[PDB]
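J.: My structure is stored as query.pdb, with PDB, C-alpha atoms.
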MODEL        1
ATOM      1  CA  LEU A   1      -5.181  30.549   4.118
ATOM      2  CA  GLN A   2      -7.544  28.873   6.572
ATOM      3  CA  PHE A   3     -10.460  30.178   4.516
ATOM      4  CA  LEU A   4      -9.143  28.477   1.392
ATOM      5  CA  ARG A   5      -7.913  25.237   2.949
ATOM      6  CA  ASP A   6     -10.691  24.443   5.406
ATOM      7  CA  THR A   7     -13.729  26.028   3.751
ATOM      8  CA  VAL A   8     -13.037  25.676   0.020
ATOM      9  CA  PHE A   9     -10.643  22.839  -0.748
ATOM     10  CA  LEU A  10     -11.405  20.388   2.059
ATOM     11  CA  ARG A  11     -15.118  20.867   1.342
ATOM     12  CA  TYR A  12     -14.804  20.949  -2.456
ATOM     13  CA  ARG A  13     -15.849  17.294  -2.573
ATOM     14  CA  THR A  14     -19.009  17.932  -0.544
ATOM     15  CA  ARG A  15     -20.289  20.782  -2.731
ATOM     16  CA  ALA A  16     -22.959  20.233  -5.375
ATOM     17  CA  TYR A  17     -21.930  20.965  -8.961
ATOM     18  CA  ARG A  18     -24.637  21.900 -11.435
ATOM     19  CA  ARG A  19     -21.782  21.873 -13.944
ATOM     20  CA  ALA A  20     -19.630  18.909 -12.949
ATOM     21  CA  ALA A  21     -16.554  20.596 -14.397
ATOM     22  CA  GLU A  22     -16.917  23.093 -11.558
ATOM     23  CA  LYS A  23     -15.637  20.713  -8.896
ATOM     24  CA  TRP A  24     -12.504  20.162 -10.948
ATOM     25  CA  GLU A  25     -12.088  23.856 -11.717
ATOM     26  CA  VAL A  26     -12.430  24.891  -8.075
ATOM     27  CA  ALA A  27      -9.931  22.301  -6.968
ATOM     28  CA  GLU A  28      -7.701  23.678  -9.734
ATOM     29  CA  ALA A  29      -8.039  27.183  -8.340
ATOM     30  CA  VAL A  30      -7.212  26.268  -4.739
ATOM     31  CA  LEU A  31      -4.328  24.150  -5.970
ATOM     32  CA  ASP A  32      -2.842  26.976  -8.014
ATOM     33  CA  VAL A  33      -2.581  29.237  -4.984
ATOM     34  CA  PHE A  34      -1.302  26.579  -2.603
ATOM     35  CA  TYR A  35       1.256  25.646  -5.250
ATOM     36  CA  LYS A  36       2.615  29.141  -5.772
ATOM     37  CA  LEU A  37       2.572  29.545  -1.989
ATOM     38  CA  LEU A  38       4.860  26.595  -1.401
ATOM     39  CA  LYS A  39       6.936  27.312  -4.505
ATOM     40  CA  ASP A  40       8.462  30.381  -2.875
ATOM     41  CA  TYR A  41       8.882  28.842   0.582
ATOM     42  CA  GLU A  42      12.542  28.748   1.565
ATOM     43  CA  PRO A  43      13.097  26.840   4.836
ATOM     44  CA  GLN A  44      14.934  29.007   7.351
ATOM     45  CA  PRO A  45      15.631  28.591  11.079
ATOM     46  CA  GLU A  46      13.616  31.784  11.554
ATOM     47  CA  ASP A  47      10.368  29.973  10.727
ATOM     48  CA  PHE A  48      10.693  27.523  13.624
ATOM     49  CA  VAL A  49      11.527  30.022  16.377
ATOM     50  CA  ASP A  50       8.098  31.544  17.023
ATOM     51  CA  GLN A  51       8.641  35.270  16.519
ATOM     52  CA  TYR A  52       6.533  37.244  18.999
ATOM     53  CA  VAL A  53       4.826  40.358  17.622
ATOM     54  CA  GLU A  54       2.801  42.811  19.676
ATOM     55  CA  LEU A  55      -0.401  42.897  17.596
ATOM     56  CA  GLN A  56      -3.437  44.702  19.047
ATOM     57  CA  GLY A  57      -1.664  44.519  22.405
ATOM     58  CA  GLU A  58      -1.416  40.708  22.442
ATOM     59  CA  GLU A  59       1.785  38.827  21.601
ATOM     60  CA  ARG A  60       0.918  36.712  18.569
ATOM     61  CA  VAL A  61       3.343  34.446  16.748
ATOM     62  CA  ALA A  62       4.450  35.758  13.360
ATOM     63  CA  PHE A  63       3.747  33.603  10.328
ATOM     64  CA  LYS A  64       6.644  31.369   9.326
ATOM     65  CA  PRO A  65       8.148  31.105   5.831
ATOM     66  CA  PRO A  66       4.939  31.122   3.830
ATOM     67  CA  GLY A  67       4.895  27.445   2.923
ATOM     68  CA  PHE A  68       5.786  26.157   6.377
ATOM     69  CA  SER A  69       2.168  25.661   7.386
ATOM     70  CA  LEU A  70       1.398  23.910   4.106
ATOM     71  CA  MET A  71       4.482  21.775   4.670
ATOM     72  CA  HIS A  72       3.350  20.895   8.184
ATOM     73  CA  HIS A  73       0.057  19.887   6.577
ATOM     74  CA  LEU A  74       1.800  17.741   3.965
ATOM     75  CA  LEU A  75       4.329  16.330   6.448
ATOM     76  CA  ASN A  76       1.477  14.844   8.527
ATOM     77  CA  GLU A  77      -1.798  13.008   8.051
ATOM     78  CA  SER A  78      -3.727  16.035   7.202
ATOM     79  CA  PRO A  79      -7.033  15.752   5.348
ATOM     80  CA  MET A  80      -5.237  17.923   2.814
ATOM     81  CA  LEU A  81      -2.767  15.132   2.074
ATOM     82  CA  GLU A  82      -5.416  12.428   1.882
ATOM     83  CA  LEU A  83      -7.425  14.710  -0.380
ATOM     84  CA  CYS A  84      -4.440  15.090  -2.672
ATOM     85  CA  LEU A  85      -4.200  11.307  -2.750
ATOM     86  CA  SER A  86      -7.923  10.908  -3.294
ATOM     87  CA  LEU A  87      -7.990  13.321  -6.192
ATOM     88  CA  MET A  88      -5.018  11.335  -7.457
ATOM     89  CA  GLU A  89      -6.806   7.987  -7.320
ATOM     90  CA  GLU A  90      -9.946   9.489  -8.817
ATOM     91  CA  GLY A  91      -8.021  11.023 -11.679
ATOM     92  CA  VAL A  92      -6.310   7.689 -12.237
ATOM     93  CA  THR A  93      -9.642   5.923 -12.540
ATOM     94  CA  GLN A  94     -11.171   8.642 -14.710
ATOM     95  CA  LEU A  95      -8.175   8.417 -17.006
ATOM     96  CA  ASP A  96      -8.650   4.653 -17.078
ATOM     97  CA  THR A  97     -12.121   5.306 -18.460
ATOM     98  CA  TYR A  98     -10.479   6.742 -21.598
ATOM     99  CA  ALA A  99     -13.451   9.078 -21.881
ATOM    100  CA  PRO A 100     -14.107  12.351 -23.736
ATOM    101  CA  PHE A 101     -13.960  16.032 -22.770
ATOM    102  CA  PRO A 102     -16.095  16.262 -19.579
ATOM    103  CA  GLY A 103     -14.183  18.467 -17.147
ATOM    104  CA  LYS A 104     -11.018  17.075 -18.665
ATOM    105  CA  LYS A 105      -8.677  19.987 -19.347
ATOM    106  CA  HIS A 106      -9.297  21.290 -15.846
ATOM    107  CA  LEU A 107      -8.853  17.776 -14.445
ATOM    108  CA  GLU A 108      -5.495  17.411 -16.154
ATOM    109  CA  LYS A 109      -4.200  20.790 -14.979
ATOM    110  CA  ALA A 110      -5.411  20.011 -11.458
ATOM    111  CA  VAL A 111      -3.638  16.687 -11.099
ATOM    112  CA  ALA A 112      -0.601  18.295 -12.725
ATOM    113  CA  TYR A 113      -0.444  21.024 -10.097
ATOM    114  CA  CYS A 114      -0.820  18.262  -7.520
ATOM    115  CA  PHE A 115       2.186  16.390  -8.866
ATOM    116  CA  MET A 116       4.058  19.678  -8.951
ATOM    117  CA  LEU A 117       3.413  20.340  -5.275
ATOM    118  CA  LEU A 118       4.491  16.782  -4.547
ATOM    119  CA  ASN A 119       7.768  17.296  -6.377
ATOM    120  CA  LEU A 120       8.237  20.583  -4.539
ATOM    121  CA  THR A 121       7.712  19.047  -1.115
ATOM    122  CA  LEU A 122      10.197  16.328  -1.997
ATOM    123  CA  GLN A 123      12.632  18.941  -3.267
ATOM    124  CA  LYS A 124      12.602  21.181  -0.212
ATOM    125  CA  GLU A 125      12.068  18.369   2.283
ATOM    126  CA  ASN A 126      15.765  17.749   2.819
ATOM    127  CA  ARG A 127      16.617  21.263   3.955
ATOM    128  CA  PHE A 128      13.243  21.620   5.654
ATOM    129  CA  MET A 129      13.910  18.548   7.778
ATOM    130  CA  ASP A 130      17.431  19.771   8.469
ATOM    131  CA  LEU A 131      16.148  23.126   9.686
ATOM    132  CA  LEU A 132      13.235  21.737  11.697
ATOM    133  CA  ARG A 133      15.605  19.213  13.258
ATOM    134  CA  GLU A 134      17.823  22.177  14.048
ATOM    135  CA  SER A 135      15.097  24.301  15.690
ATOM    136  CA  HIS A 136      13.020  21.483  17.151
ATOM    137  CA  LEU A 137       9.333  22.188  16.909
ATOM    138  CA  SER A 138       7.885  19.111  18.582
ATOM    139  CA  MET A 139       5.973  18.797  15.359
ATOM    140  CA  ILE A 140       6.776  15.370  13.945
ATOM    141  CA  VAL A 141       7.280  15.329  10.180
ATOM    142  CA  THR A 142       7.711  12.258   8.080
ATOM    143  CA  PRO A 143       9.659  12.372   4.809
ATOM    144  CA  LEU A 144       7.148  12.221   1.989
ATOM    145  CA  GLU A 145       8.606   8.866   0.951
ATOM    146  CA  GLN A 146       7.139   6.883   3.838
ATOM    147  CA  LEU A 147       3.823   8.660   3.399
ATOM    148  CA  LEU A 148       3.702   7.815  -0.304
ATOM    149  CA  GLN A 149       3.795   4.120   0.549
ATOM    150  CA  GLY A 150       0.789   4.911   2.722
ATOM    151  CA  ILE A 151      -2.117   2.510   2.707
ATOM    152  CA  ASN A 152      -4.697   4.155   0.514
ATOM    153  CA  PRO A 153      -8.185   4.466   2.049
ATOM    154  CA  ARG A 154      -9.982   3.275  -1.082
ATOM    155  CA  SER A 155      -7.250   0.789  -1.998
ATOM    156  CA  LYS A 156      -6.894  -0.422   1.633
ATOM    157  CA  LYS A 157      -3.187  -0.876   0.794
ATOM    158  CA  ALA A 158      -0.136   0.970  -0.496
ATOM    159  CA  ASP A 159      -1.190   1.567  -4.100
ATOM    160  CA  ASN A 160      -0.467   5.297  -4.112
ATOM    161  CA  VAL A 161       2.772   4.642  -5.970
ATOM    162  CA  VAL A 162       1.206   1.952  -8.154
ATOM    163  CA  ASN A 163      -1.653   4.222  -9.133
ATOM    164  CA  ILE A 164       0.855   7.009  -9.711
ATOM    165  CA  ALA A 165       2.572   4.670 -12.123
ATOM    166  CA  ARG A 166      -0.615   3.680 -13.915
ATOM    167  CA  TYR A 167      -0.782   7.124 -15.508
ATOM    168  CA  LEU A 168       2.350   6.064 -17.342
ATOM    169  CA  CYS A 169       0.093   3.652 -19.196
ATOM    170  CA  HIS A 170      -1.786   6.672 -20.561
ATOM    171  CA  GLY A 171       1.354   8.184 -22.040
ATOM    172  CA  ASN A 172       0.464   8.163 -25.730
ATOM    173  CA  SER A 173      -2.632  10.213 -24.930
ATOM    174  CA  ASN A 174      -1.337  12.312 -22.006
ATOM    175  CA  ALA A 175       2.320  13.251 -22.250
ATOM    176  CA  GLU A 176       2.093  15.808 -19.457
ATOM    177  CA  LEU A 177       0.961  13.667 -16.539
ATOM    178  CA  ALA A 178       3.458  11.071 -17.707
ATOM    179  CA  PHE A 179       6.287  13.581 -17.498
ATOM    180  CA  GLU A 180       5.266  14.698 -14.025
ATOM    181  CA  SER A 181       4.793  11.130 -12.845
ATOM    182  CA  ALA A 182       8.177   9.981 -14.078
ATOM    183  CA  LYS A 183       9.737  12.997 -12.411
TER     184      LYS A 183
ATOM    185  CA  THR B   1       5.445 -31.875   4.468
ATOM    186  CA  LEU B   2       5.636 -29.058   1.912
ATOM    187  CA  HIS B   3       1.851 -29.052   1.813
ATOM    188  CA  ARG B   4       1.917 -28.636   5.608
ATOM    189  CA  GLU B   5       4.430 -25.793   5.529
ATOM    190  CA  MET B   6       2.755 -23.972   2.619
ATOM    191  CA  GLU B   7      -0.648 -24.047   4.314
ATOM    192  CA  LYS B   8       0.819 -22.756   7.587
ATOM    193  CA  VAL B   9       2.705 -20.003   5.753
ATOM    194  CA  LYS B  10      -0.588 -19.172   4.059
ATOM    195  CA  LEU B  11      -2.139 -18.658   7.469
ATOM    196  CA  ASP B  12       0.847 -16.483   8.426
ATOM    197  CA  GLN B  13       0.651 -14.346   5.295
ATOM    198  CA  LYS B  14      -3.116 -13.860   5.570
ATOM    199  CA  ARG B  15      -2.566 -12.863   9.195
ATOM    200  CA  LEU B  16       0.025 -10.220   8.369
ATOM    201  CA  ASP B  17      -2.228  -9.096   5.508
ATOM    202  CA  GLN B  18      -5.320  -8.445   7.601
ATOM    203  CA  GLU B  19      -3.134  -6.922  10.332
ATOM    204  CA  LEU B  20      -1.760  -4.384   7.872
ATOM    205  CA  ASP B  21      -5.232  -3.174   6.905
ATOM    206  CA  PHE B  22      -6.240  -3.090  10.574
ATOM    207  CA  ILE B  23      -3.239  -0.991  11.589
ATOM    208  CA  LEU B  24      -4.152   1.220   8.637
ATOM    209  CA  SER B  25      -7.677   1.425  10.043
ATOM    210  CA  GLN B  26      -6.216   2.648  13.311
ATOM    211  CA  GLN B  27      -4.018   5.050  11.335
ATOM    212  CA  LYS B  28      -7.196   6.471   9.784
ATOM    213  CA  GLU B  29      -9.253   6.685  12.988
ATOM    214  CA  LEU B  30      -6.293   8.358  14.698
ATOM    215  CA  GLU B  31      -6.046  11.093  12.077
ATOM    216  CA  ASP B  32      -9.807  11.460  12.464
ATOM    217  CA  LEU B  33      -9.253  12.064  16.184
ATOM    218  CA  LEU B  34      -6.296  14.296  15.276
ATOM    219  CA  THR B  35      -8.689  16.621  13.449
ATOM    220  CA  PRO B  36     -11.177  16.953  16.369
ATOM    221  CA  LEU B  37      -8.365  17.742  18.806
ATOM    222  CA  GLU B  38      -7.462  20.466  16.312
ATOM    223  CA  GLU B  39     -11.067  21.675  16.459
ATOM    224  CA  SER B  40     -10.788  21.964  20.242
ATOM    225  CA  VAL B  41      -7.404  23.676  19.840
ATOM    226  CA  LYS B  42      -8.848  26.273  17.413
ATOM    227  CA  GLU B  43     -11.589  27.155  19.980
ATOM    228  CA  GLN B  44      -8.942  27.368  22.776
ATOM    229  CA  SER B  45      -6.815  29.686  20.555
ATOM    230  CA  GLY B  46      -9.905  31.876  19.924
ATOM    231  CA  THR B  47     -10.623  32.055  23.693
ATOM    232  CA  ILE B  48      -6.949  33.066  24.310
ATOM    233  CA  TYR B  49      -7.284  35.792  21.604
ATOM    234  CA  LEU B  50     -10.507  37.057  23.293
TER     235      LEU B  50
ATOM    236  CA  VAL C   1      -3.786 -55.650  10.958
ATOM    237  CA  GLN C   2      -4.810 -55.667   7.279
ATOM    238  CA  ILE C   3      -1.092 -55.473   6.456
ATOM    239  CA  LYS C   4      -0.607 -58.875   8.095
ATOM    240  CA  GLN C   5      -3.868 -60.169   6.611
ATOM    241  CA  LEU C   6      -2.487 -59.314   3.151
ATOM    242  CA  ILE C   7       1.295 -59.865   3.184
ATOM    243  CA  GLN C   8       0.771 -63.416   4.463
ATOM    244  CA  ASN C   9      -1.344 -66.205   3.050
ATOM    245  CA  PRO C  10       1.083 -65.884   0.153
ATOM    246  CA  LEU C  11       0.317 -63.987  -3.028
ATOM    247  CA  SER C  12      -0.762 -64.778  -6.579
ATOM    248  CA  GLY C  13       1.595 -67.756  -6.868
ATOM    249  CA  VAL C  14       5.094 -66.705  -5.904
ATOM    250  CA  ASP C  15       6.461 -69.570  -3.859
ATOM    251  CA  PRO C  16       6.244 -69.012  -0.091
ATOM    252  CA  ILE C  17      10.009 -69.224   0.518
ATOM    253  CA  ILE C  18      10.801 -66.210  -1.654
ATOM    254  CA  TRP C  19       7.745 -64.473  -0.211
ATOM    255  CA  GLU C  20       8.888 -64.778   3.401
ATOM    256  CA  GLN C  21      12.449 -63.919   2.390
ATOM    257  CA  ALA C  22      11.199 -60.716   0.741
ATOM    258  CA  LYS C  23       9.062 -60.056   3.821
ATOM    259  CA  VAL C  24      12.126 -60.354   6.062
ATOM    260  CA  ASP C  25      14.433 -58.404   3.727
ATOM    261  CA  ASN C  26      11.800 -55.648   3.624
ATOM    262  CA  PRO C  27      13.357 -52.233   4.286
ATOM    263  CA  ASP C  28      10.720 -49.779   5.578
ATOM    264  CA  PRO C  29       8.064 -52.518   5.881
ATOM    265  CA  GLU C  30       5.678 -49.954   7.363
ATOM    266  CA  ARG C  31       6.117 -47.623   4.370
ATOM    267  CA  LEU C  32       5.959 -50.502   1.886
ATOM    268  CA  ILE C  33       4.764 -54.068   1.490
ATOM    269  CA  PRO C  34       6.431 -56.529  -0.878
ATOM    270  CA  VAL C  35       4.427 -56.470  -4.103
ATOM    271  CA  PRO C  36       4.792 -59.282  -6.652
ATOM    272  CA  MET C  37       6.414 -58.382  -9.969
ATOM    273  CA  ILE C  38       6.501 -60.707 -12.981
ATOM    274  CA  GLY C  39       9.196 -60.373 -15.629
ATOM    275  CA  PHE C  40       9.655 -57.333 -17.838
ATOM    276  CA  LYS C  41       6.150 -56.195 -18.751
ATOM    277  CA  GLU C  42       5.740 -55.711 -15.002
ATOM    278  CA  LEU C  43       8.882 -53.580 -15.100
ATOM    279  CA  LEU C  44       7.120 -51.518 -17.763
ATOM    280  CA  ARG C  45       4.172 -51.466 -15.350
ATOM    281  CA  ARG C  46       6.342 -50.118 -12.546
ATOM    282  CA  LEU C  47       7.745 -47.497 -14.921
ATOM    283  CA  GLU C  48       4.191 -46.468 -15.780
ATOM    284  CA  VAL C  49       3.320 -46.233 -12.082
ATOM    285  CA  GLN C  50       6.465 -44.164 -11.515
ATOM    286  CA  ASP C  51       5.454 -41.889 -14.388
ATOM    287  CA  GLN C  52       1.914 -41.326 -13.118
ATOM    288  CA  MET C  53       3.172 -40.723  -9.589
ATOM    289  CA  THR C  54       5.727 -38.304 -11.037
ATOM    290  CA  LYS C  55       2.903 -36.421 -12.734
ATOM    291  CA  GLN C  56       0.928 -36.244  -9.488
ATOM    292  CA  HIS C  57       4.087 -35.259  -7.615
ATOM    293  CA  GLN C  58       4.906 -32.378  -9.928
ATOM    294  CA  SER C  59       1.245 -31.374  -9.667
ATOM    295  CA  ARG C  60       1.100 -31.254  -5.864
ATOM    296  CA  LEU C  61       4.528 -29.617  -5.716
ATOM    297  CA  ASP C  62       3.326 -26.896  -8.071
ATOM    298  CA  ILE C  63       0.233 -26.540  -5.888
ATOM    299  CA  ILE C  64       2.499 -25.919  -2.890
ATOM    300  CA  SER C  65       4.360 -23.448  -5.102
ATOM    301  CA  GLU C  66       1.090 -21.644  -5.877
ATOM    302  CA  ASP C  67       0.331 -21.364  -2.172
ATOM    303  CA  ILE C  68       3.883 -20.105  -1.645
ATOM    304  CA  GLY C  69       3.666 -17.436  -4.336
ATOM    305  CA  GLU C  70       0.298 -16.225  -3.086
ATOM    306  CA  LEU C  71       1.535 -15.981   0.496
ATOM    307  CA  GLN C  72       4.567 -14.123  -0.867
ATOM    308  CA  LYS C  73       2.672 -11.468  -2.840
ATOM    309  CA  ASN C  74       0.245 -10.924   0.033
ATOM    310  CA  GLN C  75       3.197 -10.760   2.416
ATOM    311  CA  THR C  76       4.833  -8.025   0.348
ATOM    312  CA  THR C  77       1.524  -6.146   0.388
ATOM    313  CA  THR C  78       1.133  -6.508   4.163
ATOM    314  CA  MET C  79       4.725  -5.427   4.766
ATOM    315  CA  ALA C  80       3.991  -2.427   2.568
ATOM    316  CA  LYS C  81       0.899  -1.379   4.528
ATOM    317  CA  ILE C  82       2.648  -1.869   7.890
ATOM    318  CA  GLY C  83       4.932   1.067   7.111
ATOM    319  CA  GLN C  84       1.984   3.185   6.071
TER     320      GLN C  84
ENDMDL
END
What do you get writing this file as structure tokens?
T.:
Amino acid sequence: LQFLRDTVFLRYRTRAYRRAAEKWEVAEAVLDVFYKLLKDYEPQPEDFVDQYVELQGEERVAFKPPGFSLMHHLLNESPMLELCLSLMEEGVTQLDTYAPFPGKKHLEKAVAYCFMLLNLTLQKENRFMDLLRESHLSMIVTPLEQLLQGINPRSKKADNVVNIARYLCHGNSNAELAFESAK
Amino acid sequence: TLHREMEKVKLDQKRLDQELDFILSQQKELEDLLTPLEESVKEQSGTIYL
Amino acid sequence: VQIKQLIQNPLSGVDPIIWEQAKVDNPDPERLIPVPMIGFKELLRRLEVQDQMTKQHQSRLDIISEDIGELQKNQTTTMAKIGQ
């Protein structure tokens, strides 16, 4: 997990692409796995009581319900979240270009997985907040709503939602992103 | 008098406007510091494992 | 001082008695001086002045409205970023 999130995804913007489509495809890869990972995560009070396992003689904490870490990363200002938002803004602009094939199909599927993970976090967030509030990790989570009105770094203001809307302008060309967005 | 009030409210709105981007600037710098504290934490966790 | 240099030494030919009576009956003599009006074409003149001042008044009022609307949109934006 750390290998993928710190070394691959979070760096995917800093890597040089001889084939530009590669940046998009690699983001697509990382996203697919993170997505499936969260998609199975069921919030349980077991995740927030740090289970102690005797591994190699040292008591290490057992991993929580698989998505919990990802959720903690999405429920806080993690570079992961801002990267999601940045890919979002960049896709919005690229769409606004109304430009041919280059990296496209991968770009679409990427942003689509992103929207999917967003919907999933929103979906589970109710029970996840209930459980965390019941087991009390000092970890502070904010419901994804308040974060979505976040002030975008590039935009310098809360245009995450507005950008998210703007894809609705591209409906007649892209039905898929429109569906996800409206969801 | 409406000219007076509208200009003053313009000062007020511009003030709140810049203040929002500045508090967002602090919100960014603070997540930037939140990542380096995590870097120090990671090293501390590794030392504990050792 | 110019107010008293003008309002006295009576005007274009209105007799002084009516001039001093309109100076004394002046309501808001600081916000207005008695101006001579002649007949009905001067009433048309005052209606024209009222019309042009109405145009300017609507203009400056709409300017204040433009300032208001700008402050309002920027205020909504600031109050959005605050929560961020």
J.: Convert the output of the PyMOL selection byres ((chain C and resi 34) around 8) on the shown file into explicit residues, formatted as a PyMOL selection string.
T.: chain C and resi 7+22-23+26+32-33+35-36
J.: Separation of CA of residue 67 (chain C) and CA of residue 159 (chain A), in Å?
T.: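 Value for the CA of residue 67 (chain C)-CA of residue 159 (chain A) distance: 23.1 Å.
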J.: Counting all atoms listed in the file, which of A:37, A:92, A:24, A:156 gets nearest to residue 24 (chain B)?
T.: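 The answer is A:156, which sits nearest to residue 24 (chain B).
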J.: List, as number ranges by chain, every residue that the ChimeraX specification (/C :<7) & /A selects in the file provided.
T.: A: 146-147, 149-151, 157-158
J.: List as a tab-separated table every residue of chain B that is in contact with chain C, defined as an atom at most 8 Å from one of its atoms (using only C-alpha atoms), together with the nearest atom pair and the distance in Å rounded to one decimal, sorted by chain and then rising number.
T.:
residue	atom	partner	partner_atom	distance
B:2	CA	C:64	CA	6.5
B:3	CA	C:64	CA	5.7
B:6	CA	C:64	CA	5.8
B:7	CA	C:67	CA	7.1
B:9	CA	C:71	CA	6.7
B:10	CA	C:71	CA	5.2
B:12	CA	C:71	CA	8.0
B:13	CA	C:71	CA	5.1
B:14	CA	C:74	CA	7.1
B:16	CA	C:78	CA	5.7
B:17	CA	C:78	CA	4.5
B:18	CA	C:78	CA	7.6
B:19	CA	C:78	CA	7.5
B:20	CA	C:82	CA	5.1
B:21	CA	C:81	CA	6.8
B:23	CA	C:82	CA	7.0
B:24	CA	C:84	CA	6.9
J.: Which residues are near residue 20 (chain A)? Cut-off 12 Å, all atoms listed in the file, ignore same chain within fewer than 2 positions. Put them as a VMD selection string.
T.: chain A and resid 12 to 13 15 to 18 22 to 27 101 to 104 106 to 107
